Structure formats: structure tokens, C-alpha cells
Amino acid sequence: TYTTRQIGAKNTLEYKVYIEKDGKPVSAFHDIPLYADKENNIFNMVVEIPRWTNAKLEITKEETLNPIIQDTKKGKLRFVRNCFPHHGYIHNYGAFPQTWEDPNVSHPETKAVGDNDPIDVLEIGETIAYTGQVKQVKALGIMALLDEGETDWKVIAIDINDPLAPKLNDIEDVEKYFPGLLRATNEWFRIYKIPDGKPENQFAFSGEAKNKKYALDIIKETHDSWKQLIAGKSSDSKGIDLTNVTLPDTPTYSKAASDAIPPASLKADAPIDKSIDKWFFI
């Protein structure tokens, strides 16, 4: 069973969320299996950001056991702005562990290098998830986002426990049960950084959402890039901390890393500056 270990208050620089496997901290990047049920195409998704929130939380590549922490820009805590008609993130957002968008190679389909991070997942179920939650989802499709010129695929998925899950089997079903969502998803990733002064992003395939099979191929591909990385065979690992406690066959395996993680110190959320309330009409 996976649980979370929180250090500090949310919305502070000291906030860290470690994922625990049976009470013991494990690497959120390397120790959680990508597949919950391989042949049935059920995956383990690590949730970073709950729907309708702004704090840009992410699994950190540079710290041991890769806790989830808030991203920073110029020494300041990072928050995504509200762009009409959306309120913060419009999906439960996270990544698939044991995957890597290889920055060392130009990807053929997008003609750009990867963004140096596990592949991204948009979970569309009704329930709002929590930071550090490990959930089982099934893939429905995938969108080729070129984020600031880098390959940054967005997998469309759904918690297997969602009431609609059995009725969603491929990308065509998303438009059927969630009309307008794919259109709103394309728009969201194109414009979410404009309030920060960044240019609009673009999508390959004219923003088309590829089907489940295509999505599976990309996922497995990024999983193989991770296999190379964790074996220590990448030409450039970019300072990613490869410490893990469940892969004894790897050179960075260390059972003792778990014991070095500090105990939980869950404190009440810190306040967020009122400027984050603002709705941008871009």
C-alpha cells in the first residue's frame, strides 16, 4: 500500500511529499512500477497537482527518493495563472513513474528533444485527487505538446475506479462522455504560460489526440528510455538522482536511503498571495 509522508506546510519552499511503500519512503520516479496490470494496460499514475489548483508541484529529479515539491522560478514559488474560462489545472495532473522523455535525442514524431522528465498524465475522472496519490488508470489517447520547443506528450487517462471507466475504452469515448474537454485541453496547454510572458505553445498533428494504441507505444518507448537511464547507460543523465530502493540490479540501488528520510511534519497550508486569484482573458 502506498501512502504519503508530508514534510512542512503546503505552499512553502520547505514542502516535500514522499511516497511510502508500506510505511517506507521509495523513489516516486524509480521505485513505483509503471504497470499495475501490464496486459490489461492499467498503469500506476503519481498525482502531482489536483484539479482546480494553481501550485505547480512536481516530482523533483534532483533530490534523493525524488519527493514532490513546488517548482520555483527566479527563487520564487511557482503558481500557474487562471486563464478564462479555466480555474487553475483542469485535470488531475501527474506522471507515470519509470518513464523518461529523453533530452539527448530528437524524437522523430515531434522532431524535438524530450523535456527531461517522466511522461505526463492528464486524469479526467470526476474525483479531485491528492498530491502524492498513486492511482490506477487506463490510457485513452495522447496529445503531442511541444512545450517551449520540447517534446512533451500528454497522456489522456482515467482512474479505473471512476463510474464512467468501463464505458471509456479509446479516445473517441472521451468526446462522447466529456464533450469539449479535448478542445479545452488543447487550448489550456497552448496558453497557460502566456500570463508568465512565455509564447503560446504548439501541438504536432495539428493538436489531434492520437488513440490508445498510439498512446501505449509512446509510453513503452519512454519506459525503455528510462530503462537505459536507470542502468546508467544514458549519454547524459542531467544530474537526475538515480537512487532507488527496489531495483537491486541497478548501480544506484541503496536500501539505506529510506532510513535517511526525515519523519512526517504535516503542518497546515500556508496562505497563497491574493494575486493568484486573478483571471486572465488571453
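In case it trips you up, residue 1 is the first one in the sequence shown, and so on.
Engineer: If you take the mean CA temperature factor per stretch, which one wins between 92 to 100 and 187 to 195?
Structural biologist: 187 to 195 has the higher mean C-alpha B-factor.
Engineer: Identify the stretch, either 229 to 237 or 212 to 220, whose C-alpha atoms have the larger mean B-factor according to the entry.
Structural biologist: Averaging CA B-factors over each stretch, the winner is 229 to 237.
Engineer: At the C-alpha atoms, which of 33, 67, 248, 50 reaches the highest B-factor in this entry?
Structural biologist: In this record, 248 carries the highest C-alpha B-factor of the candidates.
Engineer: From 116, 131, 136, 106, pick the one with the largest CA B-factor in the entry?
Structural biologist: Out of 116, 131, 136, 106, the record gives the largest C-alpha B-factor to 106.
Engineer: Sorting the chain's modelled residues by C-alpha B-factor, tell me whether residue 78 ends up in the lowest, middle or highest third.
Structural biologist: CA B-factor rank for residue 78: lowest third.
Engineer: Pull the Cα B-factor of residue 254 out of the PDB entry and bin it into the chain's lowest, middle or highest third.
Structural biologist: As the PDB entry reports it, the C-alpha B-factor of residue 254 lands in the highest third of its chain.
Engineer: Among all modelled residues of this chain, ranked by Cα B factor, put residue 203 in the bottom, middle or top third, i.e. lowest, middle or highest.
Structural biologist: Tercile = highest for this residue's CA B-factor.
Engineer: Would you please rank residue 174 by its C-alpha temperature factor against the other modelled residues of its chain and give the third it falls in: lowest, middle or highest?
Structural biologist: As the PDB entry reports it, the C-alpha B-factor of residue 174 lands in the highest third of its chain.
Engineer: Just say lowest, middle or highest third for the CA B-factor of residue 151 relative to the other modelled residues in its chain.
Structural biologist: As the PDB entry reports it, the C-alpha B-factor of residue 151 lands in the middle third of its chain.
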